[PDB]
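Colleague: Can you keep this structure in mind? I'll have questions shortly.
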Amino acid sequence: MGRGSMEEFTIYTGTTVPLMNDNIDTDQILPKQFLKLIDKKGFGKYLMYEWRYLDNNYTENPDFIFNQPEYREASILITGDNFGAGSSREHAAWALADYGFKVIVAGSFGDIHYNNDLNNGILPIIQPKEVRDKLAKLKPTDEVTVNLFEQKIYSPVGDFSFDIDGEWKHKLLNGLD
């Protein structure tokens, strides 16, 4: 990833993966050594690097949830509080986008990271902990629809409203950067 280009977001459907830790900081999302790479590179393979691999040869950690067979095409991330705080790192959004995340549902986000996600084809969502724990118990095959016109999430575990600033809404719904 690289663009910083506004991609259209209206209604999106995908399956989910839960990783419910608080304070997944930009360093955990995309380690500092990878900031040496130019923005034409793919960052997907570096996403969550230290959780995801056992060594420096890309041997997958078979315990990391993203690697689990049922979750390898998940496009909607359910997490904890304060996702993406710490050193400002637009590359961390590129990693998430390049991997294939379109939506993230958290307790809260780092301020810059929130903007970086929105500027790189991800919709970051704030939900209360009660809903995020419901979403975390979805089946890997369960579809979830996010409808930005309605500001609603639909799932087998419930349907939920969310807030978003009207200006972000206008930019996402239209093709607009």
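Colleague: Quote the FRET efficiency, to the nearest 0.05, computed for residue 165 versus residue 63 with a Förster distance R0 of 41 Å and r equal to the Cβ-Cβ distance.
Modeller: It comes to 0.60.
Colleague: Any chance you could list the semi-axes, whole Å, largest first, of the equivalent ellipsoid that the Cα gyration tensor gives for segment 117-162, using √(5λ)?
Modeller: 18, 12, 12
Colleague: Could you grab the relative contact order for the chain? Cα pairs under 8 Å, six or more apart, rounded to a whole percent.
Modeller: 31 percent
Colleague: Could you work out the helix-only [θ] at 222 nm for the chain, with each DSSP H run of four or more residues adding -39,500 (n - 2.57) and the total divided by the number of residues, to the nearest 500 deg cm²/dmol? Numbers along the way, then the final one.
Modeller: On the way: 6 runs with 42 residues, N = 177.
That calculation yields -6000 deg cm²/dmol at 222 nm.
Colleague: Something else now. How would segment 1-119 be classified by its alpha-carbon gyration tensor: rounded, prolate or oblate, with rounded meaning a/c under 1.5 and the a/b versus b/c comparison settling the rest?
Modeller: Rounded, since a/c falls under 1.5.
Colleague: Within the chain, how many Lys pairs that are eight or more residues apart, or on different chains, come under 22 Å at the alpha-carbon?
Modeller: Count of close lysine pairs: 22.
Colleague: Moving on. What fraction of the DSSP beta bridges in the chain is antiparallel, stated in percent and rounded to the nearest 5?
Modeller: Expressed as a percentage, antiparallel bridges in the chain total about 50.
A short reminder: the numbers here are calculations on the coordinates, not readings from a lab. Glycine gets a Cβ as well: all are built from the backbone with ideal geometry, and neighbour counts include every protein chain shown.
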